[PDB]
């Protein structure tokens, strides 16, 4: 398998296009009718940074959960002793671009647990193989991955 380059995204189109993760449907807040669509991921093979100390990083859509949980497996197979790490999932702080899929539970920013930046190119590649609908090597510090809305 081939790792992504810094700033490469796959598919090589904009995130909110139909070929990728598709339309942004609306921010989901904690008191919203739509908050019920998010379920917390408690997978022990995933590290959630949760620096917010709210659990918000664990919240994501069913489809995001499926792809993340598949990725958790391939990460452990790629690097014995290493785990998938999420630094941002659903966000209620407002610290992404206006209209970010994080506000809707459809995106994660990820690293490896050991925080070896040299692994992140390959991490992104595994995220693509796990079926994330858009994967972007957004930063030296993390990969951004998103999914399509629930059908």
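Take the two forms, superpose them, and find the largest set of C-alpha atoms that agree within 1.5 Å; that set is the rigid core. Positions refer to the first chain, counted from 1.
Note on 80-88 and 93-101: with rigid core alignment, C-alpha atoms in 5 other deposited structures of this protein sit farther from this form for 93-101. Larger average C-alpha displacement in 5 other deposited structures of this protein, relative to the shown form after a rigid core fit, is seen for 24-32 when comparing 66-74 with 24-32. Annotation for 50-58 versus 103-111: the higher mean temperature factor (C-alpha) is found in 50-58. When the C-alpha B-factors of 123-131 and 17-25 are averaged, 17-25 comes out higher.
Out of 66, 33, 88, 45, the entry records its largest CA B-factor for 33. Annotation for residue 82: C-alpha temperature factor in the highest third relative to the rest of the modelled chain, per the entry. Among the modelled residues of its chain, residue 97 has a C-alpha B-factor that falls in the highest third, as given in the PDB entry. In the deposited entry, the Cα temperature factor of residue 39 sits in the middle third of values across the chain's modelled residues. Among the modelled residues of its chain, residue 1 has a C-alpha B-factor that falls in the highest third, as given in the PDB entry. Ranked against the other modelled residues of its chain, the C-alpha B-factor of residue 151 as given in the entry falls in the highest third.
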